[PDB]
Engineer: 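Here's a structure for you.
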Amino acid sequence: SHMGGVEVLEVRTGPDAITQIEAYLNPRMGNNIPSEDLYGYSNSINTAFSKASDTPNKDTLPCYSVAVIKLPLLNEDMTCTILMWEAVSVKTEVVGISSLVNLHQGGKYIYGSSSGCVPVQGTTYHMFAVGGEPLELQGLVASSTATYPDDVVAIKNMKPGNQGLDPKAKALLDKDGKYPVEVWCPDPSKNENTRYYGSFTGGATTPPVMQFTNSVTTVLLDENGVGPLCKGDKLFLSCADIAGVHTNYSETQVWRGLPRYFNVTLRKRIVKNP
Amino acid sequence: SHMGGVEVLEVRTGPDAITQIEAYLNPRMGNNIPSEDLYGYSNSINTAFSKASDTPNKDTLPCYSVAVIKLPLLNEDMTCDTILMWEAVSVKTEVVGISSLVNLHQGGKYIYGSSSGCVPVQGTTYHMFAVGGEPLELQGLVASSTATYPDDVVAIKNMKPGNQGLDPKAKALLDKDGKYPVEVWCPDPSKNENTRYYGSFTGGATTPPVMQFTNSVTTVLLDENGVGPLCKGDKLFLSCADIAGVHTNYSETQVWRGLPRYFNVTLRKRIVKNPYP
Amino acid sequence: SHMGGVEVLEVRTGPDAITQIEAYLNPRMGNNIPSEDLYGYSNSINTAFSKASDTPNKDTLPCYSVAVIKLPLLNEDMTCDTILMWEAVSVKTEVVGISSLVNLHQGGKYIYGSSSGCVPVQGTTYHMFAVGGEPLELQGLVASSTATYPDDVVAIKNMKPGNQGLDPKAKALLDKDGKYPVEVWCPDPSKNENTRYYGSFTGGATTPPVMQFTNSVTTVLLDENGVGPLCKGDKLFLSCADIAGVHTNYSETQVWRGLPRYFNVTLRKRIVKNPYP
Amino acid sequence: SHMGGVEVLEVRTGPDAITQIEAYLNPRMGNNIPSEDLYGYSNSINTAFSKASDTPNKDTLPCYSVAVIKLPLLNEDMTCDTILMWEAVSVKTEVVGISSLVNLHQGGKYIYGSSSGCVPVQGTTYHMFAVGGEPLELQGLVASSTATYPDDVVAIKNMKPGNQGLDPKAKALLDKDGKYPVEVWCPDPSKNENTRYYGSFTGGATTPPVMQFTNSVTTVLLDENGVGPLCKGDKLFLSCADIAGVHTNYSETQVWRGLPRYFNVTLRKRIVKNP
Amino acid sequence: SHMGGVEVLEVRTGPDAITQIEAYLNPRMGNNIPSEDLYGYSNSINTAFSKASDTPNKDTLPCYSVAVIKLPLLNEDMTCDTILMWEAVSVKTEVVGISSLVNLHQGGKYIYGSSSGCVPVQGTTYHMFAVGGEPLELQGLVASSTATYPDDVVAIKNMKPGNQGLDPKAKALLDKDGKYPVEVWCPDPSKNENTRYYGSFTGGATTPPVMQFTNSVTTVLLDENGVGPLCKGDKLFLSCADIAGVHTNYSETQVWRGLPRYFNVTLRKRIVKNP
Ligand SMILES: CC(=O)N[C@H]1[C@H]([C@H](O)[C@H](O)CO)O[C@@](O[C@@H]2[C@@H](O)[C@H](O)O[C@H](CO)[C@@H]2O)(C(=O)O)C[C@@H]1O
Ligand SMILES: CC(=O)N[C@H]1[C@H]([C@H](O)[C@H](O)CO)O[C@@](O[C@@H]2[C@@H](O)[C@H](O)O[C@H](CO)[C@@H]2O)(C(=O)O)C[C@@H]1O
Ligand SMILES: CC(=O)N[C@H]1[C@H]([C@H](O)[C@H](O)CO)O[C@@](O[C@@H]2[C@@H](O)[C@H](O)O[C@H](CO)[C@@H]2O)(C(=O)O)C[C@@H]1O
Ligand SMILES: CC(=O)N[C@H]1[C@H]([C@H](O)[C@H](O)CO)O[C@@](O[C@@H]2[C@@H](O)[C@H](O)O[C@H](CO)[C@@H]2O)(C(=O)O)C[C@@H]1O
Ligand SMILES: CC(=O)N[C@H]1[C@H]([C@H](O)[C@H](O)CO)O[C@@](O[C@@H]2[C@@H](O)[C@H](O)O[C@H](CO)[C@@H]2O)(C(=O)O)C[C@@H]1O
Ligand SMILES: [Ca+2]
Ligand SMILES: [Ca+2]
Ligand SMILES: [Ca+2]
Ligand SMILES: [Ca+2]
Ligand SMILES: [Ca+2]
Ligand SMILES: [Cl-]
Ligand SMILES: [Cl-]
Ligand SMILES: [Cl-]
Ligand SMILES: [Cl-]
Ligand SMILES: [Cl-]
């Protein structure tokens, strides 16, 4: 016999330097208040009369979600180096995928009136971001002559140049359910302190495809080995998860969105004070 | 010449600390009793008259499958500072009966006209499995909060339009086979620390199903800290749903089609600081 | 200058302990004799009148292919404490004739009108192969328990609605070429410890087929313990099914189209504790 | 207690030997000037009357984008045994404005009837980019040699049926922004030793487009010999085309839709034997 | 300061033991001569009257391309214990002219009505290439044994219904450019020990084509014993077929469309025991 090691499993409370946060963000498809009958969907998509006359109704435009998570305060005085929270990894999941596995919800029939109803399908757009400040946005639209509703943030002084990349069309994703997906995208010329990931599939009637698991972690460190650094001890979580459109019996259509869960691991770092 | 080693093959028993279990779970599409004519399928999908009047008929809603496997007893009682627990380390899993879909003579809607083969199972698919040391924790979320769910399934309590998004009060455990509808419940990503789950969804009205099968693939169940599910009360929970698509009848009524899933799980005995008070 | 090595290429005869075998298996879609006009295809798919009246015609049901390859004799008898056995370590396999589908002049249904090319083979596809040291073990599972299978195929005995899911009594061995229907039998994942199998299915009414071909890919057959299939009685079992889709005739009758599969298996001699009583 | 290291985060200015450039290139689908109503789209696609009579209207042909970026001057003396050159070692690149396609209210053909959303941009897609130390070298190859190309694009000289395959005389340099049609010119794989290019095509009449976007991906530009593009005359060439699909109007006329592309290229100073 | 190394970039000629060859192969869809109006396409596909009466017209059948490249002469004496042979170790290969498909004005069938663009090339695709030290070995297998093949292509001898599966007598060598039909012949996996081949097929009536292009990818040609194709008689065999789909005319007649393929093969001299 000899003295040797054996590994016992127990609850381990992680180092003081490491923290995890969890959050969920509900979708902002247009009906953005939980009391609303069509919460989690847009209102019926109203189409343009013409190029010149294109005025989407209130609540018909899906917008990005954003949540600001206040982390534990690290610095008593900001005058010294300072400590900052560095986001190192994230686990994220689209919640409610299985809700689409439903052929009895009222709408257009797959075949005739004896069949199931057409499920959510068409254009999809799934993106998330984790950063130490608001996601920086670039404006670009399909048509500069659309008139955007009062309750969304649109491009200022829109002109045909906004159908391409105009460097004046910039914004911060600093309000939940206010920045339309069809107007704003991540600005790749900025966002040095944010990591973002997105996938788009278009088409009129395309089948949606989504996976879900609790086994996958995305590392947030950049090419220099540094994760997002949380300015003022605030963590920004942003996303949009448009699953497709639901078609009603009358052939009116509404966007369907799903919520997203985030689990972010952060660590305390010593940072030279700007 | 010299003395040297040669490797002889033989049956090896493996150590007492490791065990393997195998199980299969039959699908729960609505007709959940093997004596039923449409066992392995739902009843005909009945669609809503309206947003307000949406009452799925009994046995038209696919539900999750779950089995609880009783593992070998490890402890005399729960009084010691440490106990032994089974740790699930890996799983091999297979959807069974995929080839049954390779059938164009089953009665139904014709591909072309009445001289052609019949349309096979297609449309929305949903395949998921989980292996854990306790029930899979579920989150409720529905397409429509005004649906009236049948008494024989577990629905969200006191549904409101908020349940079309994530309401933290809509939570459940997958603790009954063939009772929790797929369209109401999904894995809760805010919990499930002691379960591993994996899922794939493809929608669309008539989409072709795609499935693979092999006995060569093993999934490791260890988490980011190197620890597998730990089996509380020496029970292993296997959960799944495998909706292959819908079958369309000649009259255009449609039924969900599900397939069984096989599991082979490897577990090892571990010393664990006693969690039980 | 100095003495040094240079690598010269030459024909090398491998060690006596290693052998390779090559074989091809022609498809068994229904017309299984090379003299038949529709060899490599099924007969026209006849569809069910009803759930209760569903009687596939003779030769309309694709079946698995199987070949048993007799390997070199290794033992004088089975009396010693150890014996020699062939261990299958790797396989190269290819579906042959893929390019034959690149044909829009074969008579059939038109893509557009009567001036256009004809619709090529498309729809449901099913590709699988197995390499083992004994027959592939099969599980039965059908779309409909009330189908009446023809006398010339091996069907599930005393079929009941439970056979639309997994019934553990519905088991068979793939021990006859062109006799076990693909739509009735699939690999049994609860057995097959001495076989490796691999399969892919894509369904749908008219889905485009996708196939690749190369001589650059080798699949390793060693299991999780580093052991390949061990060939009982010095026999190697090769199994497959390769359904490319259906061909549609102008009258809209449809026939399954299959393709042959080539195998190149590498085996090595091993000393094995004698399993034979 | 002991002396030891701790890793402090700070703003680090990269070594003098390394530089990064950022640029964006707007699409050149035919309406190539930001004052134009249909900027970012082609004009309506006019189809051939016949094989012999096929005359695309001006600005109906999507063309490649190119930008030449002037890098810091490295050599005041070009007569030494060696010179310095900028070597492009990696690139991050993104298609911008993908989310603009997530729009079912823009006027056009209806998905179902007049109560539904309108059909989004779909059909043929073509996405490519290149990073090089000199212009991208092009090979000409067309669907039909009897097409008559307009005078505002560069096309194949003395076109003949052989140009429906590879004729080695049909060669060009991508040296004008918005003038070389995608349907006439492709990268020449027999040249381009000093460029890296990457492209993806999916055809079909009405195919759904698929596009990803992230700031997490870097492509290494070093070749098989470990050498990146070397920038002749301290000029960096960025080339691309990003056709997202076509938009269909209610009248069923169709226009190509393109999107801009962003580039972030890292370069390092290298000693090079003087040519 | 000290003596130290710095890596200077320069033009290097590889060792005398290594050579690179570049080639392109134009497609052989039926119109195989660059003077033909429809060069790069087949003639209109004529469909069978029946099972028994199926006679494809001349030049309606896409065929494989092959080029035999003469390499530098290695042995003036062929009677020693060893000879030198070229060993192919890697290949870079690209389909050329993919962008030519990004064309909706070419005359044909309309996507929607007569105001819209025309349907692009789509349907069945077949892409393969091979690099070897001798002709690619072929296996014959057809959709229908009662087809009558024309006298300008090489087909199966004494065709019988068994040729709808694998009959071991139906074997050939790919030794003539543009004469072996794709629909009759495939690589023989039971031979081809001295060739590497790679192929991809996607069928369907109207399927969208998918193709990528880059100059960044190298395929290693070494087999499982670390040996590449050895070039018998100092000849390198390049084979391919690249069927992009079919073009549909307004009358609904259809023609196959093929594209050229580029090859860049690296070879090294090896000492080989004299056979
Ligand atoms: C996303 C969703 O739940 N859509 C509903 C839809 C909406 O509630 C409605 O369009 C918003 O005003 O309503 C659907 O059911 C309708 C009935 O509620 C109504 O009584 O009659 C309608 C007849 O055209 C229709 O049946 C719908 O529009 O199809 C059901 C759908 O799920
Ligand atoms: C999933 C399945 O087996 N579906 C059957 C279907 C069901 O048995 C039935 O719809 C509900 O129990 O029955 C099908 O055959 C029918 C005949 O059994 C009946 O006599 O007449 C019907 C006429 O519309 C029909 O032919 C069906 O509904 O198509 C066959 C199908 O496979
Ligand atoms: C898979 C195949 O070869 N199919 C053939 C088909 C078969 O020979 C037949 O269905 C077996 O009974 O025959 C096709 O051609 C037919 C002619 O042979 C017949 O003279 O007239 C038929 C009229 O509908 C038809 O044209 C077919 O059924 O389309 C040709 C097909 O490739
Ligand atoms: C790509 C794009 O923005 N297309 C517009 C289109 C263009 O403005 C037009 O083709 C360029 O000359 O115009 C569409 O709207 C049209 C109205 O502006 C016009 O008053 O009437 C037309 C009736 O057929 C049509 O409604 C269009 O052609 O559909 C809108 C489209 O987004
Ligand atoms: C692949 C190709 O270029 N196809 C052409 C086609 C060919 O020139 C023809 O099939 C060769 O025999 O011709 C198309 O244009 C035609 C006119 O040239 C002719 O004057 O009238 C035809 C009326 O049906 C037709 O418009 C064609 O057949 O559509 C154009 C096509 O691109
Ligand atoms: Ca910047
Ligand atoms: Ca939690
Ligand atoms: Ca077992
Ligand atoms: Ca060259
Ligand atoms: Ca051989
Ligand atoms: Cl703005
Ligand atoms: Cl609840
Ligand atoms: Cl049985
Ligand atoms: Cl030219
Ligand atoms: Cl022959």
Side-chain angles (χ1 to χ4, degrees), chain A residues 64 131 133-141 144 146-148 152-175 178-180 182-194 196 222-224, chain C residues 11 13-14 19-25 69 91-94 96 215 218 238 260-267, chain D residues 11 13-14 19-25 34 69 91-94 96-97 99-100 215 218 238 260-266, chain E residues 132 134 136-139 166 168-169 171 173 187-195 197 223-225:
Chain A
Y64 292 94
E133 58 191 82
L135 176 69
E136 288 158 305
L137 298 173
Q138 169 68 52
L140 191 153
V141 294
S144 67
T147 302
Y148 286 95
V152 302
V153 181
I155 297 166
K156 297 180 274 196
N157 317 120
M158 199 156 51
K159 290 164 186 167
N162 296 119
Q163 292 164 189
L165 197 167
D166 187 300
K168 297 186 74 68
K170 289 188 193 283
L172 299 182
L173 175 51
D174 58 8
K175 294 167 190 293
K178 294 290 191 288
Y179 289 88
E182 75 170 47
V183 175
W184 302 105
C185 57
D187 183 353
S189 74
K190 302 187 192 292
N191 287 307
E192 295 85 3
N193 196 35
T194 289
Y196 63 83
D222 66 17
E223 68 277 5
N224 304 121
Chain C
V11 171
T13 174
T19 200
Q20 287 177 272
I21 67 91
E22 296 179 75
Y24 62 91
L25 284 67
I69 309 302
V91 58
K92 296 178 82 184
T93 182
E94 176 147 349
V96 178
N215 64 346
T218 294
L238 306 180
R261 179 176 287 269
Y262 165 87
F263 293 77
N264 189 325
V265 181
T266 295
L267 306 100
Chain D
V11 175
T13 50
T19 198
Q20 302 206 346
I21 68 87
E22 283 180 297
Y24 63 92
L25 286 62
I69 309 304
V91 60
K92 301 179 85 189
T93 182
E94 181 158 329
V96 177
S99 71
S100 75
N215 65 346
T218 297
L238 306 179
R261 179 177 284 272
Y262 167 85
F263 292 78
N264 183 337
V265 179
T266 294
Chain E
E134 59 191 81
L136 177 70
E137 289 157 306
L138 301 171
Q139 169 69 52
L166 200 167
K169 299 185 308 300
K171 291 197 193 282
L173 302 179
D188 184 352
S190 76
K191 300 186 193 295
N192 288 306
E193 296 83 9
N194 195 37
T195 290
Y197 64 84
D223 66 15
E224 67 273 13
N225 307 120

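Order of listing sets the numbers, starting from 1, for every ligand and every atom in it. Any value given below was found using the heavy atoms of this structure, including those in side chains, with hydrogens, waters and symmetry copies removed. Numbered from 1 within each chain, the chains take letters A, B, ... in sequence-line order.
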Engineer: Could you give me the CA-CA distance, side-chain angles and deciding distance for C/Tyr24 and E/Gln139, then say whether side-chain hydrogen bond (donor to acceptor under 3.5 Å, both in side chains) is met?
Structural biologist: CA-CA 12 Å; C/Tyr24 62 91; E/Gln139 169 69 52; over 6 Å; no
Engineer: In the protein, how many N/O/S atoms are under 3.0 Å from the Ca ion (ligand 10)?
Structural biologist: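 Counting protein N, O and S atoms closer than 3.0 Å to the Ca ion (ligand 10) gives 3.
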Engineer: May I ask you to decide if A/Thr194's main-chain N or O and D/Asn215's side chain share a donor-acceptor pair within less than 3.5 Å?
Structural biologist: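 A pair under 3.5 Å: yes.
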Engineer: Considering residues at least two apart in sequence or located in another chain, which fulfil the side chain to side chain contact (heavy atoms under 4.5 Å, CB included) criterion with D/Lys92?
Structural biologist: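 With neighbours one apart ignored, the set is A/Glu223, D/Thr218, D/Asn264.
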Engineer: Taking only residues two or more places apart in sequence or in another chain, which ones pass side chain to side chain contact (heavy atoms under 4.5 Å, CB included) with A/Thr147?
Structural biologist: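 Per chain and number, A/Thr147 pairs via side chain to side chain contact (heavy atoms under 4.5 Å, CB included) with A/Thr55.
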Engineer: List the residues meeting side chain to side chain donor-acceptor pair (under 3.5 Å) with C/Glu22, not counting sequence neighbours, and say none if there are none.
Structural biologist: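 Per chain and number, C/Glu22 pairs via side chain to side chain donor-acceptor pair (under 3.5 Å) with C/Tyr262.
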Engineer: How long is the span from the CG atom in A/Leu172 to the CG atom in A/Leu135, to the nearest 0.5 Å?
Structural biologist: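 Nearest 0.5 Å value for the CG-CG distance: 9.0 Å.
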